[PDB]
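Trainee: I am attaching a structure below and will ask some questions about it afterwards.
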Amino acid sequence: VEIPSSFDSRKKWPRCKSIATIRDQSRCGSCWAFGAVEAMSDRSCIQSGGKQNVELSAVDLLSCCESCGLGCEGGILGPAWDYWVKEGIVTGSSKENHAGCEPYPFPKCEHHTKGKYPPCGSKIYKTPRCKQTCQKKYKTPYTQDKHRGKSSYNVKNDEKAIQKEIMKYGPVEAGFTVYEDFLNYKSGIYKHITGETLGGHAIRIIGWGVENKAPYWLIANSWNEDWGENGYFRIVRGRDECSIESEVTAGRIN
Ligand SMILES: *C(=[N])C1([N]C(=O)[C]([C]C2=[C][C]=[C]C(Cl)=[C]2)[N]C(=O)[C]SB2345B678B9%10%11B6%12%13B6%14%15B%1272B632B436B94(B%10835)[C+]%11%13%14[C+]4%1562)[C][C]1
């Protein structure tokens, strides 16, 4: 195929509402789980021609995947996709919308930025327990609300391979290194200038573009819609900026 200079998953597959949804992981180190259920929600819709149009549950993955790390303390990407393939994941929206089988138990909050929600602060919740029961008002049993994938894989550390993967199969999960200057991000194309490493983060790459010739990836963060560019940010593309091209994980439903 021929890679266009820009691409936006939200515009190619506008029926799939999840693609344009920005979630909030709250006072929980569950970024690994959010980039996963987000992109799986997207891919379930894309690769099924719109048939599954759902919001997969972040708390189901977070709480039940023992091989994925330590829940709100952090986790690993590849295993989250293996869990989706082997056990599947039920539906579940944010806490506020309280929809689907298992909605998120934690409230929106501001992640080192100004806005309408309360500050998150530094305190971290304990990982919720693996319930395996839907909320009472949801009319399907847990076991049967499960959405499974068929494969899971890493994507080659190559810009063009990542681009081809996104355009054909949909948004991907990716890890990158967080430096202190990322916490002051409001807008623009980000790149590490100042600050020391605070860890890694896991997000959803949904596209790319170019602004006055500067190439970037377009990425959905999980710190709610008040953060960055309406919940999204942009980061230098093509230089493995903060290892943005090195920890790409995805999977297919068929
Ligand atoms: C979010 N929210 C956070 N982050 C996270 O989780 C991360 C993701 C990633 C991964 C990989 C790479 C990258 Cl760049 C990113 N993670 C982390 O940090 C990890 S934590 B842990 B692991 B091993 B496993 B379990 B898990 B835990 B520790 B050890 B390590 C084991 C234990 C949070 C912030």
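How things are named: the first chain in the structure tokens is A, the next is B, and so on; residues count from 1 in each chain; ligands count from 1 in the order shown.
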Neighbouring residues of ligand 1 are defined here as those with any atom at most 6 Å from a ligand atom, counting only C-alpha atoms and all ligand atoms; list them as a PyMOL selection string.
Mentor: chain A and resi 29-32+69-70+73-77+175-177+199-202
Trainee: Pull N, CA, C and O atoms from the residues just selected and write them as an mmCIF file, in the first residue's frame.
Mentor:
data_model
loop_
_atom_site.group_PDB
_atom_site.id
_atom_site.type_symbol
_atom_site.label_atom_id
_atom_site.label_comp_id
_atom_site.auth_asym_id
_atom_site.auth_seq_id
_atom_site.Cartn_x
_atom_site.Cartn_y
_atom_site.Cartn_z
ATOM 1 N N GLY A 29 -2.457 3.399 38.392
ATOM 2 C CA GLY A 29 -1.442 3.144 37.404
ATOM 3 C C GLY A 29 -1.822 2.152 36.339
ATOM 4 O O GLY A 29 -1.060 1.208 36.052
ATOM 5 N N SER A 30 -2.952 2.403 35.686
ATOM 6 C CA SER A 30 -3.569 1.425 34.810
ATOM 7 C C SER A 30 -3.464 1.802 33.336
ATOM 8 O O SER A 30 -4.077 1.171 32.500
ATOM 9 N N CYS A 31 -2.630 2.783 33.020
ATOM 10 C CA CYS A 31 -2.326 3.157 31.633
ATOM 11 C C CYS A 31 -2.106 1.985 30.697
ATOM 12 O O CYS A 31 -2.606 2.007 29.575
ATOM 13 N N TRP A 32 -1.411 0.960 31.176
ATOM 14 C CA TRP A 32 -1.225 -0.268 30.389
ATOM 15 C C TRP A 32 -2.510 -0.927 29.957
ATOM 16 O O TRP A 32 -2.576 -1.487 28.877
ATOM 17 N N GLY A 69 0.901 -7.806 35.400
ATOM 18 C CA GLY A 69 1.594 -6.933 36.320
ATOM 19 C C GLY A 69 0.786 -6.773 37.559
ATOM 20 O O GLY A 69 0.029 -7.677 37.926
ATOM 21 N N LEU A 70 0.875 -5.606 38.174
ATOM 22 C CA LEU A 70 0.280 -5.405 39.498
ATOM 23 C C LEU A 70 -0.790 -4.346 39.533
ATOM 24 O O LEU A 70 -0.829 -3.541 40.473
ATOM 25 N N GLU A 73 -0.482 -0.535 40.227
ATOM 26 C CA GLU A 73 0.936 -0.261 40.356
ATOM 27 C C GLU A 73 1.694 -0.244 39.025
ATOM 28 O O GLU A 73 2.882 0.166 38.983
ATOM 29 N N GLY A 74 1.068 -0.735 37.960
ATOM 30 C CA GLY A 74 1.697 -0.706 36.627
ATOM 31 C C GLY A 74 1.563 -2.063 36.014
ATOM 32 O O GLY A 74 1.163 -2.974 36.676
ATOM 33 N N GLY A 75 1.910 -2.201 34.745
ATOM 34 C CA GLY A 75 1.766 -3.441 34.052
ATOM 35 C C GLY A 75 2.548 -3.509 32.763
ATOM 36 O O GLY A 75 3.324 -2.603 32.413
ATOM 37 N N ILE A 76 2.283 -4.583 32.042
ATOM 38 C CA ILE A 76 3.004 -4.972 30.835
ATOM 39 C C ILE A 76 2.016 -5.111 29.678
ATOM 40 O O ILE A 76 0.874 -5.520 29.881
ATOM 41 N N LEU A 77 2.462 -4.792 28.475
ATOM 42 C CA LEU A 77 1.561 -4.592 27.332
ATOM 43 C C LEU A 77 1.205 -5.883 26.626
ATOM 44 O O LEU A 77 0.013 -6.198 26.442
ATOM 45 N N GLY A 175 4.025 1.964 24.206
ATOM 46 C CA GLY A 175 4.697 2.476 25.389
ATOM 47 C C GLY A 175 5.686 3.581 25.002
ATOM 48 O O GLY A 175 6.261 3.557 23.909
ATOM 49 N N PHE A 176 5.843 4.575 25.875
ATOM 50 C CA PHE A 176 6.948 5.547 25.764
ATOM 51 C C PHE A 176 7.476 5.989 27.127
ATOM 52 O O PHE A 176 6.840 5.805 28.167
ATOM 53 N N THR A 177 8.693 6.514 27.119
ATOM 54 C CA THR A 177 9.358 6.949 28.350
ATOM 55 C C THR A 177 8.858 8.346 28.687
ATOM 56 O O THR A 177 8.878 9.252 27.837
ATOM 57 N N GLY A 199 9.484 7.146 34.509
ATOM 58 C CA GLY A 199 8.855 5.856 34.229
ATOM 59 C C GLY A 199 8.415 5.743 32.796
ATOM 60 O O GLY A 199 8.887 6.466 31.958
ATOM 61 N N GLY A 200 7.547 4.782 32.532
ATOM 62 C CA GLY A 200 6.957 4.630 31.228
ATOM 63 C C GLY A 200 5.460 4.820 31.303
ATOM 64 O O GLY A 200 4.860 4.662 32.323
ATOM 65 N N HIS A 201 4.865 5.083 30.157
ATOM 66 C CA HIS A 201 3.422 5.285 30.055
ATOM 67 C C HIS A 201 3.044 4.472 28.859
ATOM 68 O O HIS A 201 3.902 4.124 28.054
ATOM 69 N N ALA A 202 1.775 4.146 28.770
ATOM 70 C CA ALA A 202 1.197 3.351 27.696
ATOM 71 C C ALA A 202 -0.081 4.071 27.207
ATOM 72 O O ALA A 202 -0.937 4.452 28.010
#
Trainee: Determine, counting only C-alpha atoms, which protein, DNA and RNA residues have an atom within 12 Å of an atom of residue 234 (chain A); residues of the same chain fewer than 4 positions away are not included. Present the result as number ranges by chain.
Mentor: A: 182, 185-191, 203-211, 214-221, 228-230, 241, 244
Trainee: Using only C-alpha atoms, which of A:104, A:45, A:183, A:94 sits nearest residue 198 (chain A)?
Mentor: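 Closest to residue 198 (chain A), using only C-alpha atoms: A:183.
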Trainee: Which residues come within 8 Å of residue 110 (chain A), counting only C-alpha atoms, excluding same-chain residues fewer than 2 positions away, as a ChimeraX atom specification?
Mentor: /A:108,112-120,223-224,226-227
Trainee: For those residues, write C-alpha atoms to a file as a PDB file, in the first residue's frame.
Mentor:
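Output file result09.pdb is given in full below:
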ATOM      1  CA  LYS A 108     -12.207  11.352  36.574  1.00  0.00           C
ATOM      2  CA  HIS A 112      -0.973  17.609  36.362  1.00  0.00           C
ATOM      3  CA  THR A 113      -3.106  20.114  34.497  1.00  0.00           C
ATOM      4  CA  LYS A 114      -5.906  22.613  35.000  1.00  0.00           C
ATOM      5  CA  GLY A 115      -9.558  21.797  34.467  1.00  0.00           C
ATOM      6  CA  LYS A 116     -13.035  21.069  35.727  1.00  0.00           C
ATOM      7  CA  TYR A 117     -12.321  17.846  37.662  1.00  0.00           C
ATOM      8  CA  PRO A 118     -10.647  17.536  41.068  1.00  0.00           C
ATOM      9  CA  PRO A 119      -6.841  17.163  41.026  1.00  0.00           C
ATOM     10  CA  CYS A 120      -5.703  13.535  41.052  1.00  0.00           C
ATOM     11  CA  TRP A 223      -5.928  11.520  31.453  1.00  0.00           C
ATOM     12  CA  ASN A 224      -9.396  12.786  30.366  1.00  0.00           C
ATOM     13  CA  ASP A 226      -8.977  18.458  29.724  1.00  0.00           C
ATOM     14  CA  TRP A 227      -5.389  17.290  29.258  1.00  0.00           C
TER      15      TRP A 227
END
